[PDB]
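Colleague: Before anything else, here's the structure in question.
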Amino acid sequence: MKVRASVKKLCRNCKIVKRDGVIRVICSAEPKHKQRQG
Amino acid sequence: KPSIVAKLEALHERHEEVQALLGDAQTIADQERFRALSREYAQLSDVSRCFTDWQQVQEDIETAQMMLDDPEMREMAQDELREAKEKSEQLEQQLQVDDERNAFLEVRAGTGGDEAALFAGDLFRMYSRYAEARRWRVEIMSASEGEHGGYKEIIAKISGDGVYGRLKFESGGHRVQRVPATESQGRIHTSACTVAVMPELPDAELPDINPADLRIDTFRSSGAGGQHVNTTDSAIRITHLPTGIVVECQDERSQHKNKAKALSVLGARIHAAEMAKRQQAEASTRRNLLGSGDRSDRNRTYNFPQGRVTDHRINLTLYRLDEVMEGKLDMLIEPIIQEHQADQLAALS
Amino acid sequence: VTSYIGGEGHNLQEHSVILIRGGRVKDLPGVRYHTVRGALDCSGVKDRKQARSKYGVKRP
Amino acid sequence: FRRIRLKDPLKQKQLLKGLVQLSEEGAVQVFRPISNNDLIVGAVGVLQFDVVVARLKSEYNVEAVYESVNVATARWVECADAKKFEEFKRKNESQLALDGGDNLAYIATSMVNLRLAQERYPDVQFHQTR
Amino acid sequence: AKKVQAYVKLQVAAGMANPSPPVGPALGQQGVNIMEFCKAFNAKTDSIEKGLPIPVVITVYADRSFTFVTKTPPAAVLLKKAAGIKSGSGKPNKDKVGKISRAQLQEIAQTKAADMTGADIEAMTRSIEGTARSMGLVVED
RNA sequence: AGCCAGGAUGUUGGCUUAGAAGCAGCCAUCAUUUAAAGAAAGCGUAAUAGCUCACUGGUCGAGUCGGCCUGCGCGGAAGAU
Ligand SMILES: [Mg+2]
Ligand SMILES: [Mg+2]
Ligand SMILES: [Mg+2]
Ligand SMILES: [Mg+2]
Ligand SMILES: [Mg+2]
Ligand SMILES: [Zn+2]
């Protein structure tokens with residue numbers, strides 16, 4: 001989980017989702033690719 | 001080839017052993033050992049193949065001679081000439097195979113005094129002629145003339161392609177036995193000279209003042225300054241994390257001037273420490289390479305009464321001193337390099 | 001003290017116990033004793049067929 | 001094998017006697033390679049060596065440290081009938097030895113090295129004495 | 001056919017059994033016997049040539065028993081004896097190492113046409129020629 | 001968009017090194033059977049092996065996928081009675 005001001009898709013399995021007004025990235029392949037915008 | 005044949009026999013035996021060692025699946029499980037053996041196999045295989053060819057040709061030469069009737073001159077002659085050609089190819093191919101940089105050559109007098117200077121001059125002339133008849137370049141940086149004859153110490157730089165790889169075996173002591181010029185009577189005298197050959201290496205220095213590895217402390221100076229020295233942080237201190245040096249400055253009333261001065265002093269101290277380290281390392285290396293001219297520690301001997309030049313490292317004597325003193329010492333350095341290479345292959349365990 | 005190792009070739013090195021006796025080597029300044037060959041950790045001169053008992057070599 | 005070295009080199013008597021008085025009863029064997037000068041120490045397995053070291057430290061008061069050494073198996077070679085044995089004792093002079101009982105020994109370095117070095121030099125190499 | 005079990009194709013010149021690194025440790029870890037190829041493998045070797053690499057299959061079962069089948073020598077080494085060249089490419093466009101005549105290659109394609117594919121013989125000429133321009137050779141008309 | 005199937009042929013290539021075989025790095029990057037398949041986009045082996053993707057047949061059954069000109073909102077956004 002990386003907290004940064006710019007979250008991007010890093011592989012082909014990454015998905016952009018918005019939960020409670022926070023844009024975050026989740027992918028099923030690599031757990032290193034999950035981020036939160038903050 | 002009296003002694004090098006033993007080295008090549010041992011090399012062939014080790015090649016066979018390492019060949020066998022690669023087919024048991026018990027030493028192949030680990031990877032570092034497998035890679036080491038694989039790297040060791042190549043040169044061993046090539047040199048062993050050539051040596052076995054030479055050995056079989058030699059054994060054929062030994063036989064087919066102890067008989068009569070037929071005129072066996074032609075086949076024996078062709079076989080021995082082809083054997084000599086193959087031997088020359090073998091020696092050259094395992095002698096060549098990096099390190100070909102320029103070099104510093106310095107020779108100084110040892111025992112003898114005024115005649116060791118003359119021998120040093122003669123030896124320098126030999127090396128200079130050798131360099132000149134190689135399309136190299138020799139230039140003199142330091143010279144100390146020796147009163148009567150040559151130089152008490154000469155330091156010159158030789159520049160070319162392949163310099164250090166051929167002049168690295170001349171570092172040591174050279175003994176001369178002859179009748180000196182500064183001799184009233186007709187006595188024979190023994191003297192020596194010391195030779196040092198050192199490779200050329202760069203002087204890469206960098207501004208190791210990267211602020212990412214510095215600790216900076218700012219505090220109050222101590223002294224008489226009134227009510228302004230109390231409520232101000234004018235004194236500075238810099239600590240260098242890698243080396244560990246600390247420099248503190250509170251000279252002037254301005255913090256920026258103190259910071260600049262202390263930073264400059266820290267840089268100067270780092271530079272001085274590094275230069276001292278390099279200087280002591282070079283001095284120790286030169287001391288170990290040079291020896292101590294005492295006509296008892298030596299690498300080669302020159303006898304002018306007999307006209308014989310001999311090399312004690314490989315036990316090789318030759319009676320062509322007049323050619324050697326004329327910069328034709330390629331007939332002296334090649335036998336050494338050969339013996340210096342069979343060890344390198346043999347030192348793989 | 002300093003001791004002299006006689007004979008051609010020795011197997012001595014640092015951290016080896018030896019037996020020494022009297023006897024001065026003249027042209028060596030400071031040497032005043034001699035190492036007894038054939039003693040605890042020094043072996044006799046290899047291929048020595050004369051004056052064997054002085055260098056601790058067994059009779060072949 | 002695990003050659004020996006003790007801390008104080010002058011209190012070396014008790015390790016030189018506590019190892020001839022304890023190889024007299026079949027607990028240890030003391031090779032001594034020809035070229036260098038070591039005190040390599042045989043054993044048939046781990047437990048016998050453990051017994052040797054504990055006994056040698058307790059009974060005789062020898063404080064030592066035992067480095068490892070790369071050797072697979074020893075073999076007692078004894079074939080003096082011919083002359084080629086004399087040259088074998090020279091070509092392979094690097095890795096021979098001398099027991100307590102002065103029998104030679106071809107201290108090998110692997111099964112492959114030994115299996116080669118008795119394919120040539122066709123003399124006898126057995127592994128038992130006495 | 002049966003999928004890959006324990007076999008991959010790799011073999012140096014058949015001419016010598018030569019239990020060298022390319023052949024020994026390649027199958028040494030699989031077990032079996034290395035010296036035994038001096039007779040089993042070399043039975044078919046002595047007919048063809050001395051010094052040509054013929055790929056083989058090393059199908060080996062769990063019983064430490066093997067069986068092998070060979071093929072034609074690869075086309076890359078084929079254009080080494082029929083081309084007079086032993087070195088290779090590295091700047092196949094900037095420079096060239098030699099010449100090959102257009103009439104020479106197809107007369108040897110039928111040697112590899114047993115396992116090479118194509119509609120007909122003339123089709124396979126481009127395949128052997130297309131690989132040739134990567135080797136640095138030049139077609140001679 | 002999901003879901004079935006393929007994803008092949010002499011590159012164990014000289015080039016380079018102990019091995020680099022689609023996948024260390026250097027040049028080239030054609031041809032064959034084809035409905036399609038890179039002389040390779042990714043993972044993985046010491047090198048092999050092994051697993052996906054580009055592209056292509058089948059099911060499905062109607063819309064679907066990206067830029068431009070613009071209004072208002074979101075994150076980036078931590079201090080001391
Ligand atoms: Mg919540
Ligand atoms: Mg004042
Ligand atoms: Mg102030
Ligand atoms: Mg805003
Ligand atoms: Mg407040
Ligand atoms: Zn991802």
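The chains in the structure tokens are called A, B, ... from first to last as shown; in each chain the residues are counted from 1, and the ligands are counted from 1 in the order shown.
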List the neighbours of region 8-21 of chain C out to 12 Å using only C-alpha atoms (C1' of nucleotides); skip same-chain residues closer than 6 positions along the sequence, and give me the result as JSON, numbers by chain.
Modeller: {"C": [1, 2, 31, 32, 33, 34, 35, 36, 37, 38, 39, 40, 41, 42, 43, 44, 45, 46, 47, 48, 55], "D": [5, 6, 7, 8, 9, 10, 11, 12, 13, 16, 34, 35, 36, 37, 38]}
Colleague: Let's have the selection written as a compact mmCIF listing (two decimals), in the first residue's frame, with N, CA and C atoms.
Modeller:
```
# COMPACT_ATOMS: atom_id res chain seq x y z
N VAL C 1 66.61 -15.41 22.09
CA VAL C 1 67.92 -15.48 21.46
C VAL C 1 67.76 -15.80 19.98
N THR C 2 68.88 -15.82 19.28
CA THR C 2 68.94 -16.14 17.86
C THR C 2 69.77 -17.41 17.68
N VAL C 31 74.54 -14.24 16.37
CA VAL C 31 74.19 -15.66 16.46
C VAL C 31 75.17 -16.33 17.40
N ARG C 32 74.65 -17.04 18.40
CA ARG C 32 75.47 -17.61 19.45
C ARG C 32 75.13 -19.06 19.77
N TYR C 33 74.12 -19.64 19.13
CA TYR C 33 73.69 -21.00 19.40
C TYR C 33 73.39 -21.70 18.09
N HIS C 34 73.23 -23.02 18.17
CA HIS C 34 72.99 -23.86 17.01
C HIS C 34 71.75 -24.71 17.23
N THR C 35 70.98 -24.92 16.17
CA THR C 35 69.79 -25.76 16.25
C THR C 35 70.19 -27.22 16.08
N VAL C 36 69.73 -28.06 17.01
CA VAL C 36 70.03 -29.49 16.97
C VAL C 36 69.13 -30.13 15.92
N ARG C 37 69.71 -30.56 14.81
CA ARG C 37 68.94 -31.25 13.79
C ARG C 37 68.57 -32.65 14.26
N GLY C 38 67.42 -33.13 13.78
CA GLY C 38 66.88 -34.39 14.25
C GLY C 38 66.09 -34.30 15.53
N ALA C 39 65.89 -33.09 16.06
CA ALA C 39 65.18 -32.86 17.31
C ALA C 39 63.67 -32.86 17.11
N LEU C 40 62.95 -32.34 18.11
CA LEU C 40 61.50 -32.39 18.20
C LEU C 40 60.78 -32.11 16.88
N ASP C 41 60.94 -30.91 16.31
CA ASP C 41 60.19 -30.53 15.12
C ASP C 41 61.07 -30.08 13.97
N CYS C 42 62.33 -30.52 13.93
CA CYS C 42 63.19 -30.28 12.78
C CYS C 42 63.74 -31.62 12.30
N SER C 43 63.67 -31.85 11.00
CA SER C 43 64.05 -33.12 10.40
C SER C 43 65.46 -33.06 9.84
N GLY C 44 66.04 -34.24 9.65
CA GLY C 44 67.40 -34.32 9.14
C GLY C 44 67.51 -33.86 7.70
N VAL C 45 68.74 -33.57 7.30
CA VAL C 45 69.00 -33.10 5.94
C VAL C 45 68.70 -34.23 4.97
N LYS C 46 67.93 -33.92 3.93
CA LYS C 46 67.50 -34.93 2.97
C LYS C 46 68.66 -35.31 2.05
N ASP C 47 68.85 -36.61 1.86
CA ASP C 47 69.90 -37.16 1.00
C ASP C 47 71.28 -36.72 1.49
N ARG C 48 71.58 -37.09 2.72
CA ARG C 48 72.86 -36.80 3.37
C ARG C 48 73.50 -38.13 3.75
N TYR C 55 73.66 -34.44 11.60
CA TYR C 55 72.47 -33.84 11.03
C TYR C 55 71.23 -34.72 11.21
N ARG D 5 45.02 -27.87 15.92
CA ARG D 5 46.01 -26.88 16.32
C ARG D 5 45.65 -26.37 17.71
N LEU D 6 46.63 -26.33 18.60
CA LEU D 6 46.40 -25.92 19.98
C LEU D 6 46.89 -24.50 20.19
N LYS D 7 46.33 -23.85 21.21
CA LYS D 7 46.55 -22.42 21.39
C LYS D 7 48.01 -22.11 21.72
N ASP D 8 48.49 -22.61 22.86
CA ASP D 8 49.88 -22.36 23.24
C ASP D 8 50.78 -23.38 22.55
N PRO D 9 51.70 -22.96 21.69
CA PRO D 9 52.53 -23.92 20.95
C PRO D 9 53.66 -24.52 21.76
N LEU D 10 53.91 -24.05 22.98
CA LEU D 10 54.93 -24.65 23.83
C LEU D 10 54.37 -25.70 24.77
N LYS D 11 53.10 -25.59 25.17
CA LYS D 11 52.44 -26.66 25.90
C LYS D 11 51.88 -27.67 24.91
N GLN D 12 52.72 -28.11 23.98
CA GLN D 12 52.37 -29.05 22.93
C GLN D 12 52.77 -30.48 23.27
N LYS D 13 53.44 -30.68 24.40
CA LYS D 13 53.81 -32.02 24.84
C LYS D 13 52.58 -32.88 25.07
N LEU D 16 51.07 -34.17 22.05
CA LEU D 16 51.89 -35.11 21.30
C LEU D 16 52.03 -36.44 22.00
N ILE D 34 53.35 -35.57 4.19
CA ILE D 34 54.80 -35.49 4.02
C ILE D 34 55.25 -34.06 3.77
N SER D 35 54.61 -33.37 2.83
CA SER D 35 55.09 -32.06 2.40
C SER D 35 55.07 -31.05 3.54
N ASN D 36 53.88 -30.70 4.02
CA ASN D 36 53.76 -29.79 5.15
C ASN D 36 53.95 -30.58 6.45
N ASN D 37 53.57 -29.98 7.57
CA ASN D 37 53.69 -30.63 8.88
C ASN D 37 52.43 -30.36 9.69
N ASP D 38 51.48 -31.28 9.62
CA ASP D 38 50.19 -31.19 10.29
C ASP D 38 50.07 -32.33 11.31
```
Colleague: Residues contacting ligand 3 - anything with an atom at most 7 Å away, using only C-alpha atoms (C1' of nucleotides) and all ligand atoms - can you give me those as a PyMOL selection string?
Modeller: chain B and resi 228+231-232
Colleague: Enumerate, in order of chain and increasing residue number, the residues of chain F with an atom no farther than 10 Å from ligand 5, each with its shortest atom pair and distance in Å to one decimal, counting only C-alpha atoms (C1' of nucleotides) and all ligand atoms, as a Markdown table.
Modeller:
```
| residue | atom | partner | partner_atom_place_in_ligand_line | distance |
| --- | --- | --- | --- | --- |
| F:79 | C1' | ligand 5 | 1 (Mg) | 9.2 |
| F:80 | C1' | ligand 5 | 1 (Mg) | 7.0 |
| F:81 | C1' | ligand 5 | 1 (Mg) | 5.5 |
```
Colleague: To check your reading of the model: which residues sit at most 12 Å from ligand 4 when counting only C-alpha atoms (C1' of nucleotides) and all ligand atoms? Write the answer as a PDB file with N, CA, C and O atoms (P, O5', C5', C4', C3', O3' and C1' of nucleotides), in the first residue's frame.
Modeller:
```
ATOM      1  P     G F  73     -17.453  24.827  -7.778  1.00  0.00           P
ATOM      2  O5'   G F  73     -17.911  23.480  -7.064  1.00  0.00           O
ATOM      3  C5'   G F  73     -16.966  22.634  -6.427  1.00  0.00           C
ATOM      4  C4'   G F  73     -17.458  21.210  -6.354  1.00  0.00           C
ATOM      5  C3'   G F  73     -16.439  20.188  -5.881  1.00  0.00           C
ATOM      6  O3'   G F  73     -16.283  20.147  -4.474  1.00  0.00           O
ATOM      7  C1'   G F  73     -17.438  19.398  -7.844  1.00  0.00           C
ATOM      8  P     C F  74     -14.810  20.049  -3.842  1.00  0.00           P
ATOM      9  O5'   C F  74     -14.326  18.586  -4.234  1.00  0.00           O
ATOM     10  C5'   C F  74     -15.008  17.439  -3.752  1.00  0.00           C
ATOM     11  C4'   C F  74     -14.172  16.195  -3.904  1.00  0.00           C
ATOM     12  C3'   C F  74     -12.738  16.291  -3.417  1.00  0.00           C
ATOM     13  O3'   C F  74     -12.610  16.157  -2.014  1.00  0.00           O
ATOM     14  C1'   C F  74     -12.775  15.270  -5.540  1.00  0.00           C
ATOM     15  P     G F  75     -11.380  16.853  -1.252  1.00  0.00           P
ATOM     16  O5'   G F  75     -10.127  15.950  -1.634  1.00  0.00           O
ATOM     17  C5'   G F  75     -10.030  14.604  -1.198  1.00  0.00           C
ATOM     18  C4'   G F  75      -8.841  13.912  -1.816  1.00  0.00           C
ATOM     19  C3'   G F  75      -7.479  14.511  -1.500  1.00  0.00           C
ATOM     20  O3'   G F  75      -6.970  14.067  -0.254  1.00  0.00           O
ATOM     21  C1'   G F  75      -7.646  14.068  -3.824  1.00  0.00           C
ATOM     22  P     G F  76      -6.065  15.034   0.654  1.00  0.00           P
ATOM     23  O5'   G F  76      -4.812  15.378  -0.263  1.00  0.00           O
ATOM     24  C5'   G F  76      -3.811  14.409  -0.532  1.00  0.00           C
ATOM     25  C4'   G F  76      -2.820  14.916  -1.549  1.00  0.00           C
ATOM     26  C3'   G F  76      -2.066  16.179  -1.162  1.00  0.00           C
ATOM     27  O3'   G F  76      -0.934  15.904  -0.355  1.00  0.00           O
ATOM     28  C1'   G F  76      -2.931  16.414  -3.349  1.00  0.00           C
ATOM     29  P     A F  77      -0.372  16.999   0.674  1.00  0.00           P
ATOM     30  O5'   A F  77      -1.537  17.160   1.747  1.00  0.00           O
ATOM     31  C5'   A F  77      -1.281  17.753   3.016  1.00  0.00           C
ATOM     32  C4'   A F  77      -2.481  18.498   3.550  1.00  0.00           C
ATOM     33  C3'   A F  77      -3.792  17.719   3.559  1.00  0.00           C
ATOM     34  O3'   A F  77      -4.576  18.142   4.673  1.00  0.00           O
ATOM     35  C1'   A F  77      -4.033  19.640   2.214  1.00  0.00           C
TER      36        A F  77
END
```
Colleague: Please, which residues have at least one atom within 6 Å of an atom of ligand 6, using only C-alpha atoms (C1' of nucleotides) and all ligand atoms, listed as a ChimeraX atom specification?
Modeller: /A:10-11,13-14,27,29-30,33
Colleague: Take CA of residue 37 (chain A) and CA of residue 8 (chain A) and report the distance between them in Å, one decimal.
Modeller: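 Interatomic distance, CA of residue 37 (chain A) to CA of residue 8 (chain A): 9.9 Å.
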Colleague: Mind giving me the straight-line distance from CA of residue 109 (chain D) to CA of residue 74 (chain D) in Å, one decimal?
Modeller: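 Computed distance, CA of residue 109 (chain D) to CA of residue 74 (chain D), equals 8.7 Å.
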Colleague: Within 12 Å of ligand 1, counting only C-alpha atoms (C1' of nucleotides) and all ligand atoms, which protein or nucleic acid residues do you find, written as an MDAnalysis selection string?
Modeller: chainID A and resid 19:22
Colleague: Find the spatial neighbours of region 63-67 of chain B, counting only C-alpha atoms (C1' of nucleotides), within a cut-off of 8 Å - ignore same-chain residues fewer than 4 positions away - and output them as number ranges by chain.
Modeller: B: 59, 72, 76
Colleague: Taking C-alpha atoms for each residue, export the selection above as a PDB file, in the first residue's frame.
Modeller:
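Below is the file that was written, part_39.pdb:
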```pdb
ATOM      1  CA  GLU B  59      57.423 -40.723 -29.052  1.00  0.00           C
ATOM      2  CA  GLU B  72      65.324 -43.022 -42.717  1.00  0.00           C
ATOM      3  CA  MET B  76      62.927 -38.301 -39.423  1.00  0.00           C
TER       4      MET B  76
END
```
Colleague: Let me see if you get this right: every residue at most 9 Å from ligand 2, counting only C-alpha atoms (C1' of nucleotides) and all ligand atoms, written as a ChimeraX atom specification.
Modeller: /B:224-226
Colleague: Assign secondary structure with DSSP using the backbone only, and return the residues of chain A in strand (DSSP E or B) as a PyMOL selection string.
Modeller: chain A and resi 2-4+14-19+22-27+35-37
Colleague: For the residues in that selection, give me N, CA and C atoms as a PDB file, in the first residue's frame.
Modeller:
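Once everything was written out, this is part_12.pdb:
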```
ATOM      1  N   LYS A   2       0.928   1.927  -1.146  1.00  0.00           N
ATOM      2  CA  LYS A   2       1.650   3.182  -1.279  1.00  0.00           C
ATOM      3  C   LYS A   2       0.662   4.339  -1.273  1.00  0.00           C
ATOM      4  N   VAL A   3       0.896   5.306  -0.396  1.00  0.00           N
ATOM      5  CA  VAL A   3       0.066   6.498  -0.296  1.00  0.00           C
ATOM      6  C   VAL A   3       0.779   7.608  -1.055  1.00  0.00           C
ATOM      7  N   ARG A   4       0.188   8.044  -2.163  1.00  0.00           N
ATOM      8  CA  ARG A   4       0.803   9.039  -3.026  1.00  0.00           C
ATOM      9  C   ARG A   4      -0.290   9.891  -3.652  1.00  0.00           C
ATOM     10  N   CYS A  14      -4.536  -4.269 -13.090  1.00  0.00           N
ATOM     11  CA  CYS A  14      -4.872  -3.197 -12.163  1.00  0.00           C
ATOM     12  C   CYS A  14      -6.221  -2.586 -12.514  1.00  0.00           C
ATOM     13  N   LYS A  15      -6.981  -2.231 -11.482  1.00  0.00           N
ATOM     14  CA  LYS A  15      -8.308  -1.657 -11.639  1.00  0.00           C
ATOM     15  C   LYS A  15      -8.414  -0.390 -10.806  1.00  0.00           C
ATOM     16  N   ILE A  16      -9.042   0.634 -11.372  1.00  0.00           N
ATOM     17  CA  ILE A  16      -9.300   1.881 -10.660  1.00  0.00           C
ATOM     18  C   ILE A  16     -10.655   1.764  -9.976  1.00  0.00           C
ATOM     19  N   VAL A  17     -10.677   1.961  -8.663  1.00  0.00           N
ATOM     20  CA  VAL A  17     -11.912   1.911  -7.894  1.00  0.00           C
ATOM     21  C   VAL A  17     -11.928   3.087  -6.928  1.00  0.00           C
ATOM     22  N   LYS A  18     -13.129   3.568  -6.620  1.00  0.00           N
ATOM     23  CA  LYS A  18     -13.328   4.685  -5.706  1.00  0.00           C
ATOM     24  C   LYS A  18     -14.193   4.216  -4.547  1.00  0.00           C
ATOM     25  N   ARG A  19     -13.651   4.291  -3.333  1.00  0.00           N
ATOM     26  CA  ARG A  19     -14.338   3.832  -2.133  1.00  0.00           C
ATOM     27  C   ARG A  19     -14.383   4.968  -1.125  1.00  0.00           C
ATOM     28  N   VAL A  22     -12.307   8.058  -2.008  1.00  0.00           N
ATOM     29  CA  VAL A  22     -10.861   7.905  -2.118  1.00  0.00           C
ATOM     30  C   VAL A  22     -10.575   7.041  -3.336  1.00  0.00           C
ATOM     31  N   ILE A  23      -9.810   7.577  -4.280  1.00  0.00           N
ATOM     32  CA  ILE A  23      -9.423   6.823  -5.467  1.00  0.00           C
ATOM     33  C   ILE A  23      -8.269   5.901  -5.102  1.00  0.00           C
ATOM     34  N   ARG A  24      -8.422   4.616  -5.405  1.00  0.00           N
ATOM     35  CA  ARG A  24      -7.421   3.623  -5.048  1.00  0.00           C
ATOM     36  C   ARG A  24      -7.304   2.601  -6.167  1.00  0.00           C
ATOM     37  N   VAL A  25      -6.148   1.943  -6.220  1.00  0.00           N
ATOM     38  CA  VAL A  25      -5.817   0.984  -7.267  1.00  0.00           C
ATOM     39  C   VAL A  25      -5.659  -0.386  -6.625  1.00  0.00           C
ATOM     40  N   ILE A  26      -6.310  -1.393  -7.202  1.00  0.00           N
ATOM     41  CA  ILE A  26      -6.199  -2.771  -6.735  1.00  0.00           C
ATOM     42  C   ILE A  26      -5.975  -3.678  -7.939  1.00  0.00           C
ATOM     43  N   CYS A  27      -5.038  -4.616  -7.818  1.00  0.00           N
ATOM     44  CA  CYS A  27      -4.841  -5.627  -8.847  1.00  0.00           C
ATOM     45  C   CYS A  27      -4.660  -6.992  -8.201  1.00  0.00           C
ATOM     46  N   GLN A  35      -2.471   0.803  -4.342  1.00  0.00           N
ATOM     47  CA  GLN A  35      -2.130   2.143  -3.896  1.00  0.00           C
ATOM     48  C   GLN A  35      -3.379   2.838  -3.381  1.00  0.00           C
ATOM     49  N   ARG A  36      -3.164   3.947  -2.681  1.00  0.00           N
ATOM     50  CA  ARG A  36      -4.236   4.802  -2.202  1.00  0.00           C
ATOM     51  C   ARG A  36      -3.837   6.247  -2.440  1.00  0.00           C
ATOM     52  N   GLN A  37      -4.790   7.061  -2.883  1.00  0.00           N
ATOM     53  CA  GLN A  37      -4.511   8.462  -3.171  1.00  0.00           C
ATOM     54  C   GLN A  37      -4.656   9.268  -1.888  1.00  0.00           C
TER      55      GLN A  37
END
```
Colleague: Can you list every residue of chain F that has an atom at most 12 Å from chain B, with its nearest atom pair and the distance in Å to one decimal, using only C-alpha atoms (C1' of nucleotides), ordered by chain then number, as CSV?
Modeller:
```
residue,atom,partner,partner_atom,distance
F:17,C1',B:39,CA,10.1
F:18,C1',B:39,CA,4.5
F:19,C1',B:35,CA,9.6
F:46,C1',B:31,CA,6.5
F:47,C1',B:35,CA,11.5
```
